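**Q** Sharing a structure with you now.
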Amino acid sequence: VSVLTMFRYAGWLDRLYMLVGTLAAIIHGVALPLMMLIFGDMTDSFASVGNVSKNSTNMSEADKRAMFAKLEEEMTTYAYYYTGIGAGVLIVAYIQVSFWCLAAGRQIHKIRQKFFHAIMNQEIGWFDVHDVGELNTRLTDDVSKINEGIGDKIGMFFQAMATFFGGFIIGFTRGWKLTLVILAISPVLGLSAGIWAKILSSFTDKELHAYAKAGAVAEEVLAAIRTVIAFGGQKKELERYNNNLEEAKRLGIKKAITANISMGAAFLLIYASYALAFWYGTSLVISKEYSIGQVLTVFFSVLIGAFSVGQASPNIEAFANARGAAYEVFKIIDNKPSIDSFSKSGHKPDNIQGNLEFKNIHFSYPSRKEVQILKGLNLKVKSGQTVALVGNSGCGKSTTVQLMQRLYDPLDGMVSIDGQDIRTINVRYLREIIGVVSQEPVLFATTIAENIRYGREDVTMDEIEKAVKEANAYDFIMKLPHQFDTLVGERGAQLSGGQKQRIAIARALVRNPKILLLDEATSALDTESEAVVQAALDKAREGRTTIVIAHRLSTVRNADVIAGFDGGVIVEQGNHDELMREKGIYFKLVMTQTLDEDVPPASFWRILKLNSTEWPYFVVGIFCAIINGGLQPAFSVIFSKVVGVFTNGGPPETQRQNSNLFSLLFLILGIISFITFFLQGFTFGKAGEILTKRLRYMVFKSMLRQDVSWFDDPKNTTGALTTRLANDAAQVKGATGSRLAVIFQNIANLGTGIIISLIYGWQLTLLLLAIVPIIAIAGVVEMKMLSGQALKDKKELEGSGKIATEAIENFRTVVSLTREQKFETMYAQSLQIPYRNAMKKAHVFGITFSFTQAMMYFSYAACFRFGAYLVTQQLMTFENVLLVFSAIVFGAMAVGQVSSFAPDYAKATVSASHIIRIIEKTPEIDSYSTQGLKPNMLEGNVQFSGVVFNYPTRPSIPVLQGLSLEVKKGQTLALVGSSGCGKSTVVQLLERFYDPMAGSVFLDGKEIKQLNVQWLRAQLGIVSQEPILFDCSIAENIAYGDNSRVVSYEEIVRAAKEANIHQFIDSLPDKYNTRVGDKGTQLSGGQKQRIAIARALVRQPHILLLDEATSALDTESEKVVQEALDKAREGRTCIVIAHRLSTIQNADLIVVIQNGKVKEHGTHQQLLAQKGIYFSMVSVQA
């Protein structure tokens, strides 16, 4: 509980300016319902002068002096009330902005500059929790969401709650009557909003699961593309996909209607609250004479407080996120564990070295698979020795190095270095005595001289020069422009891995180190540098007791003693050439050595014309948006007229008046609203009902016709297509509403405001065209100040932030100590650039918010000044001014809508162009009917000539090289090679997603180039390289009418017997019906491959492929697949592209395709008697 207190601590005045900021917000909020109260209470006096001036049948000539004096008095006094409140808000609005930007932002600066220092002064107290890259990624922005955990949202909530509560005090003071009513209706708005959330989840989550089947039946159909295209399941998957695009929208159309009804019910509750408040006010005249209008006006200002608490809700929901983001990471800021390793203080060891002796060491961190990183350690090495530490398997190796100079303190035991114990030493002096290398090729974004000072800061140019001569790295420094002060981009932008690495050796040598620690920094480097790095490290060696840790046995050959550290335990330990006889890790190592969703390219006009295909109907949703637009000004206009016709209606049979006014106020608003919300929901819902199936069908069944590289080398993972079938489609589903919402606000404001401007005394129309464009321009430029500074914040923070991304990865910071405080010293300047942007934007946003507030009271003051005064001097006007106030609110609601539409307008206008790109596609693999029912193709004696071929990423080398082949039925061609060889570059030609780069291929009498896709796959079948078995039942998976085969009991009897899968048709449960569900809930990989043999046997073909996923399944399917295949190919043109060595010894015709070059060639029967070459060129395969 309560920890919202902690986000605003370093001293005392931290809380003081926050409390003054919330007080300024409270009194700023109170000025708004006070202005509405003043504007209401003067409407009663204006109407009271109207009640004299209408009844003075023989006296209005005296009112032309006496009432006129009273009107020029009130014309004068109103200006005092407008001016005093109006000048006051300019200050307190600016103070509320100063609170949000500056009173908060000063805490954010010294919260990040507590956190940064705190991490590199807590060590074990962060290492054992969260994971690499993902931890420090969160810590970029949760210390930004902490600003909303202290944000304006709390001042908005407090000024709303203060106007609501103070509204009930002043409310009860004018009367209990309406006070009780506003208290009672408030929880009904909260309860109905609390119902909206349940009207979502209880059917959104079912609509998601209804479509989720066509999530799988999108991904599996785009992933297993070869299996579903070659077998022709593309025909079944025409409606089997689209079935889910029926059920999910049959749920969705019900939920859309209940959602629009739930929103229309909230608007009906609001308009019912207006009618009830009016009737509870008329029954303060019509009962006992408690009202002269003036008791009711206050309750309009109480409703302004109540609807302001309604605006505080989504701001408090945004804070309910930021609240969590704040205290859930604040664990690692104030009150966090702090230092184990004495990372500050301690007494300096003038011992200058000691004997290296781990004793009873453990370290318990669960490695995400091991218990402990370090499982137990005891070792002893003396001054004047070296030691190699070597291993391969499990964690723990790099843990030992952190303990060996106390960057982490050992949980169990101790480790000696120096003579006073490691739990007594001063950290800085031990960090001088010990030199430390590290594996990462990090130079930081500063000069070579600075990059050496991160070794120790207390350094001359002579110490830099000698260190780069010792490391030998001097030569390439003296070849760089500006030499030691060579300018450097992020992570060493102009230098190779090993060119950074060589300078990291000099960075250790600038300690003049008395002991040396090494950490993999010459294992798998850029090999020019790897040779020079050994030759540089071996000069940092031997002038001290040193460890060695690298894969390169060269560096290990200098060792008097070696230790086998593996998994984080010590095992092997002996002299180096004894360990070469033992066959320890040293000898073992010698024998090992010797997503783009919505992306920017739009295409205008072509987006617009697509709607002629989709909208033969449903455009009536625009008429629904027009009447829904006219509803918004109508509630303001009807209320405004209903009050004025009561206040200068007056007492004479006020029930005949009030009952008729109450009936008008409810009927025109509540009933028309609820009907309009239903009409809008039905039309928008049924437009969604056609579009949700049609748009996904058009795109998904254009991808599932799409030729050339799109399934051969698209570099997308399959889900990177489904992410577009989600996002780009969702932005367009947003625009489908937002472009109607633009018409809605155009009728609400620019249409109805002009019509209402016909029924003013027209001078107020000249005022309205001065106010409404200016307040629209104000919000329309304010949104540019807000978004433009919120964008500028990112470049000012990121330029201030490269120097943090360089270091919130590199936990090695503590290994020099000085560089922690070097970093926080520069961060004090750099994070003050974004705080100087908080100062810049506090000044601007204070002017903007005070101006946007000023235009409100200015418009109200001008409205009454040109609705009384010079107007009443001609003839007594006493109402209609509220219809100008209404039209000013039509401007305000348009600003509160056109701003919100802008990000939808930006996204969806690009999204539609990705939908266009995929619908147009490319022309080569649809269907056609060029060459069906070909009798000469009922053998498949395939002819190839001059064939050169290479898959779309051409640096993979051409796999076919100019080849000519002349095959026959009754013979088995085999591909031979090893890693990656042959497979994909055969299949790409056989489905003809792209033809040769030179040469051509005839299946017989015509090129494959000239065939129709559907009848080509009358012959095609494949052993599915995915063990895929799609949906519903095994009967629905065996056979489909794609081209020229049956779907019947006899074809599935044939295919089940000839595939040997009749094991499960004759014996066992479920059988042809088998309840596979989605992807085969009760079947092995081998049983799924047995149904691949059945899907091929449904051809009864003259050809065969033979492929992978054929000897790693469940053993009984692997033997049964071999028992079928090697008894069912001897009458076909058979082509094995499987690596499985059995098939290669059971073949007829062979080519060894060594990296796409021919190396050996012959009949298998010519080759089979040959071994040595025709053993090794097969047994090297896979």
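Residue names in the structure tokens use chain letters A, B, ... in the order shown, residue numbers from 1 in each chain, and ligand numbers from 1 in the order shown.
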Which residues are near range 653-657 of chain A? Cut-off 9 Å, only C-alpha atoms, ignore same chain within fewer than 5 positions. Put them as a ChimeraX atom specification.
**A** /A:282,285-286,645-646,662
**Q** Pick out the residues sitting within 8 Å of range 694-710 of chain A, and hand them over as a tab-separated table (two decimals) with N, CA, C and O atoms, in the first residue's frame; count only C-alpha atoms, and ignore anything fewer than 5 positions along from it in its own chain.
**A**
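Final output, out.tsv:
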chain	number	residue	atom	x	y	z
A	218	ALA	N	-4.00	-19.90	-41.23
A	218	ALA	CA	-3.19	-18.98	-42.02
A	218	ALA	C	-1.71	-19.38	-41.99
A	218	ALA	O	-1.13	-19.66	-43.04
A	222	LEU	N	0.66	-20.98	-45.05
A	222	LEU	CA	1.77	-20.15	-45.55
A	222	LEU	C	3.16	-20.76	-45.24
A	222	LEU	O	4.10	-20.51	-45.99
A	234	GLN	N	-4.99	-26.29	-51.10
A	234	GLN	CA	-5.39	-24.93	-51.51
A	234	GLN	C	-6.88	-24.81	-51.92
A	234	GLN	O	-7.50	-23.77	-51.67
A	238	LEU	N	-9.90	-22.93	-49.37
A	238	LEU	CA	-10.68	-21.82	-49.90
A	238	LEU	C	-11.82	-21.44	-48.93
A	238	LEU	O	-11.85	-20.31	-48.46
A	242	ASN	N	-12.15	-19.58	-44.55
A	242	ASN	CA	-13.27	-18.63	-44.55
A	242	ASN	C	-14.47	-19.02	-43.67
A	242	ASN	O	-15.28	-18.15	-43.34
A	614	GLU	N	-16.02	-3.18	-52.98
A	614	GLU	CA	-16.49	-3.58	-51.64
A	614	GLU	C	-17.86	-3.02	-51.23
A	614	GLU	O	-18.55	-3.66	-50.44
A	725	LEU	N	-1.99	-9.00	-41.71
A	725	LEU	CA	-3.39	-9.45	-41.70
A	725	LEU	C	-4.13	-9.06	-40.41
A	725	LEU	O	-5.36	-9.03	-40.40
A	729	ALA	N	-4.90	-4.24	-41.68
A	729	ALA	CA	-6.35	-4.46	-41.71
A	729	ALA	C	-7.09	-3.75	-40.56
A	729	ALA	O	-8.17	-3.18	-40.78
A	915	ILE	N	-2.16	-3.54	-48.52
A	915	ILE	CA	-3.32	-4.32	-49.01
A	915	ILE	C	-3.41	-4.26	-50.55
A	915	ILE	O	-3.62	-5.28	-51.18
A	918	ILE	N	-0.36	-6.48	-52.28
A	918	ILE	CA	-0.63	-7.92	-52.26
A	918	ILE	C	-1.81	-8.33	-53.16
A	918	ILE	O	-1.81	-9.43	-53.70
A	919	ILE	N	-2.82	-7.47	-53.35
A	919	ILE	CA	-3.97	-7.78	-54.22
A	919	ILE	C	-3.57	-7.80	-55.71
A	919	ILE	O	-4.03	-8.69	-56.43
A	920	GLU	N	-2.70	-6.90	-56.15
A	920	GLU	CA	-2.18	-6.88	-57.53
A	920	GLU	C	-1.20	-8.04	-57.83
A	920	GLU	O	-1.23	-8.59	-58.92
A	921	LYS	N	-0.36	-8.41	-56.85
A	921	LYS	CA	0.68	-9.46	-56.92
A	921	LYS	C	1.57	-9.44	-58.19
A	921	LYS	O	2.28	-8.47	-58.43
A	922	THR	N	1.60	-10.55	-58.93
A	922	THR	CA	2.50	-10.95	-60.03
A	922	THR	C	1.80	-12.12	-60.79
A	922	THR	O	0.92	-12.72	-60.19
A	923	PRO	N	2.03	-12.41	-62.09
A	923	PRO	CA	1.01	-13.09	-62.91
A	923	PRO	C	1.14	-14.62	-63.13
A	923	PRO	O	0.40	-15.15	-63.97
A	924	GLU	N	2.06	-15.33	-62.47
A	924	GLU	CA	2.60	-16.61	-62.98
A	924	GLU	C	2.04	-17.93	-62.38
A	924	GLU	O	2.08	-18.95	-63.09
A	925	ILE	N	1.50	-17.98	-61.15
A	925	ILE	CA	1.01	-19.24	-60.51
A	925	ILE	C	-0.44	-19.25	-59.98
A	925	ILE	O	-0.75	-19.89	-58.98
A	926	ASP	N	-1.39	-18.62	-60.68
A	926	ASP	CA	-2.83	-18.67	-60.35
A	926	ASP	C	-3.50	-20.05	-60.57
A	926	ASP	O	-3.76	-20.77	-59.61
A	952	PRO	N	16.92	-16.90	-54.98
A	952	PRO	CA	16.99	-15.44	-55.13
A	952	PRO	C	18.19	-14.72	-54.49
A	952	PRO	O	18.75	-13.83	-55.14
A	993	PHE	N	7.48	-21.68	-59.20
A	993	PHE	CA	7.40	-20.33	-58.62
A	993	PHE	C	8.42	-19.39	-59.27
A	993	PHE	O	8.18	-18.19	-59.33
A	994	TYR	N	9.53	-19.93	-59.80
A	994	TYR	CA	10.42	-19.26	-60.74
A	994	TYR	C	11.20	-20.30	-61.59
A	994	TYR	O	11.81	-21.21	-61.04
**Q** Using only C-alpha atoms, find the one residue out of A:936, A:386, A:292, A:463 that sits nearest to residue 512 in chain A.
**A**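 Closest candidate: A:463.
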**Q** Which residues come within 9 Å of residue 254 in chain A, counting only C-alpha atoms, excluding same-chain residues fewer than 5 positions away, as a CSV table (one decimal) with N, CA and C atoms, in the first residue's frame?
**A**
chain,number,residue,atom,x,y,z
A,203,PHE,N,-17.4,-11.4,-25.1
A,203,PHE,CA,-17.5,-11.7,-26.5
A,203,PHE,C,-16.3,-11.4,-27.4
A,249,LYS,N,-17.4,-13.4,-37.1
A,249,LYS,CA,-18.2,-12.2,-37.3
A,249,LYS,C,-19.7,-12.4,-37.0
A,259,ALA,N,-22.7,-3.4,-27.9
A,259,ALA,CA,-21.8,-2.3,-27.6
A,259,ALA,C,-22.4,-0.9,-27.9
A,685,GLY,N,-21.7,-2.1,-38.2
A,685,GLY,CA,-21.6,-3.5,-38.0
A,685,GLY,C,-21.8,-4.4,-39.3
**Q** If we count only C-alpha atoms, what is near residue 802 in chain A at a cut-off of 12 Å, once residues fewer than 3 positions away on the same chain are taken out, given as JSON, numbers by chain?
**A** {"A": [140, 444, 445, 446, 489, 490, 491, 794, 795, 796, 797, 798, 799, 805, 806, 807, 808, 809, 823, 826, 827, 830, 831]}
**Q** DSSP on the backbone, strand (DSSP E or B) only: what residues of range 976-1179 of chain A does that give? Format it as a PyMOL selection string.
**A** chain A and resi 976+998-1004+1006-1007+1031-1032+1077-1078+1103-1106+1133-1136+1149-1154+1157-1163
**Q** With N, CA and C atoms retained, write the just-selected residues as a compact mmCIF listing (two decimals), in the first residue's frame.
**A**
# COMPACT_ATOMS: atom_id res chain seq x y z
N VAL A 976 23.02 -36.18 -54.57
CA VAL A 976 24.03 -36.42 -53.53
C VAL A 976 24.85 -35.15 -53.23
N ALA A 998 19.05 -19.98 -67.08
CA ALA A 998 19.32 -20.37 -68.46
C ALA A 998 18.94 -21.85 -68.64
N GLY A 999 18.71 -22.29 -69.88
CA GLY A 999 18.17 -23.62 -70.17
C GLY A 999 16.66 -23.72 -69.95
N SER A 1000 16.09 -24.91 -70.18
CA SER A 1000 14.65 -25.17 -70.01
C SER A 1000 14.37 -26.65 -69.66
N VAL A 1001 13.12 -26.96 -69.30
CA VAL A 1001 12.66 -28.27 -68.82
C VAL A 1001 11.25 -28.62 -69.32
N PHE A 1002 11.12 -29.81 -69.91
CA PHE A 1002 9.88 -30.37 -70.46
C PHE A 1002 9.52 -31.64 -69.67
N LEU A 1003 8.31 -31.71 -69.09
CA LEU A 1003 7.84 -32.94 -68.43
C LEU A 1003 7.47 -34.05 -69.43
N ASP A 1004 6.83 -33.66 -70.54
CA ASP A 1004 7.00 -34.22 -71.89
C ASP A 1004 6.29 -33.31 -72.92
N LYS A 1006 5.96 -30.41 -73.94
CA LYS A 1006 5.90 -28.97 -73.63
C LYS A 1006 6.71 -28.66 -72.38
N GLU A 1007 7.23 -27.44 -72.33
CA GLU A 1007 7.89 -26.87 -71.15
C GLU A 1007 6.95 -26.80 -69.95
N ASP A 1031 -6.65 -30.40 -40.28
CA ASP A 1031 -7.87 -30.11 -39.53
C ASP A 1031 -8.97 -31.20 -39.65
N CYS A 1032 -10.01 -31.09 -38.82
CA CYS A 1032 -11.29 -31.82 -38.88
C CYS A 1032 -11.23 -33.36 -38.73
N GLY A 1077 -8.73 -32.64 -34.74
CA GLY A 1077 -9.04 -31.31 -34.25
C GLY A 1077 -8.41 -30.25 -35.14
N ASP A 1078 -7.31 -29.69 -34.65
CA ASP A 1078 -6.39 -28.81 -35.36
C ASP A 1078 -4.97 -29.38 -35.18
N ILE A 1103 5.09 -40.51 -61.60
CA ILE A 1103 6.30 -39.90 -61.01
C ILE A 1103 6.32 -40.09 -59.49
N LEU A 1104 7.49 -39.91 -58.86
CA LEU A 1104 7.64 -39.82 -57.40
C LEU A 1104 8.75 -38.85 -57.01
N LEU A 1105 8.49 -38.03 -55.99
CA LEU A 1105 9.50 -37.41 -55.14
C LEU A 1105 9.77 -38.32 -53.93
N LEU A 1106 10.90 -38.13 -53.26
CA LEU A 1106 11.24 -38.80 -52.01
C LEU A 1106 12.15 -37.87 -51.18
N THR A 1133 8.96 -42.52 -62.87
CA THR A 1133 10.13 -41.63 -62.82
C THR A 1133 10.31 -41.17 -61.38
N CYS A 1134 11.23 -41.79 -60.64
CA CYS A 1134 11.47 -41.49 -59.23
C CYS A 1134 12.67 -40.55 -59.06
N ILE A 1135 12.55 -39.55 -58.19
CA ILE A 1135 13.61 -38.57 -57.90
C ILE A 1135 13.73 -38.41 -56.38
N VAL A 1136 14.78 -38.98 -55.78
CA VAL A 1136 15.08 -38.77 -54.36
C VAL A 1136 15.94 -37.52 -54.15
N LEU A 1149 20.38 -43.76 -60.83
CA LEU A 1149 21.11 -42.69 -61.53
C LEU A 1149 21.52 -41.60 -60.53
N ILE A 1150 22.78 -41.15 -60.55
CA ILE A 1150 23.36 -40.35 -59.46
C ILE A 1150 24.25 -39.22 -59.98
N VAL A 1151 24.15 -38.05 -59.33
CA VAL A 1151 25.09 -36.94 -59.50
C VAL A 1151 25.46 -36.35 -58.14
N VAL A 1152 26.76 -36.26 -57.85
CA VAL A 1152 27.28 -35.56 -56.67
C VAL A 1152 27.41 -34.07 -56.99
N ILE A 1153 26.55 -33.25 -56.38
CA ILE A 1153 26.43 -31.80 -56.60
C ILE A 1153 27.20 -31.04 -55.50
N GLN A 1154 28.52 -31.20 -55.50
CA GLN A 1154 29.45 -30.54 -54.58
C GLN A 1154 29.33 -29.01 -54.68
N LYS A 1157 28.40 -27.74 -58.03
CA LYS A 1157 29.25 -28.24 -59.12
C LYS A 1157 29.13 -29.76 -59.20
N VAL A 1158 29.11 -30.33 -60.41
CA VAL A 1158 29.23 -31.79 -60.56
C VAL A 1158 30.65 -32.24 -60.16
N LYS A 1159 30.74 -33.32 -59.38
CA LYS A 1159 32.01 -33.89 -58.88
C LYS A 1159 32.15 -35.37 -59.23
N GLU A 1160 31.09 -36.14 -59.03
CA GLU A 1160 30.93 -37.51 -59.54
C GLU A 1160 29.58 -37.65 -60.26
N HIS A 1161 29.50 -38.56 -61.22
CA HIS A 1161 28.32 -38.83 -62.06
C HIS A 1161 28.33 -40.29 -62.52
N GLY A 1162 27.17 -40.93 -62.59
CA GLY A 1162 27.02 -42.27 -63.15
C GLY A 1162 25.66 -42.90 -62.88
N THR A 1163 25.44 -44.11 -63.38
CA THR A 1163 24.36 -44.95 -62.83
C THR A 1163 24.75 -45.42 -61.43
**Q** Between A:634, A:503, A:1056, A:156, which is the closest to residue 668 in chain A once you count only C-alpha atoms?
**A** A:634
**Q** Give me the range 957-1073 of chain A side of the contact with range 1110-1113 of chain A, cut-off 9 Å, one line per residue showing its nearest atom pair and distance in Å at one decimal, counting only C-alpha atoms, sorted by chain and residue number, as a tab-separated table.
**A**
residue	atom	partner	partner_atom	distance
A:1023	CA	A:1110	CA	8.1
A:1025	CA	A:1110	CA	8.3
A:1027	CA	A:1113	CA	8.9
**Q** Could you take the residues named above and write them with N, CA, C and O atoms, as a compact mmCIF listing (two decimals), in the first residue's frame?
**A**
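Contents of result-v7.txt, as written:
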# COMPACT_ATOMS: atom_id res chain seq x y z
N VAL A 1023 6.72 -36.31 -50.23
CA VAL A 1023 6.78 -36.67 -48.81
C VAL A 1023 6.92 -35.37 -48.02
O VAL A 1023 7.93 -34.68 -48.12
N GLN A 1025 7.90 -32.56 -46.02
CA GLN A 1025 9.02 -32.12 -45.17
C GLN A 1025 8.57 -31.54 -43.82
O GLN A 1025 9.33 -31.59 -42.85
N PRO A 1027 5.75 -32.73 -41.03
CA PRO A 1027 4.75 -33.72 -40.61
C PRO A 1027 3.34 -33.15 -40.36
O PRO A 1027 2.75 -33.34 -39.29
**Q** Which polymer residues have any atom within 10 Å of an atom of range 1047-1055 of chain A, counting only C-alpha atoms, with same-chain residues fewer than 6 positions away left out, as a count of residues only?
**A** 20
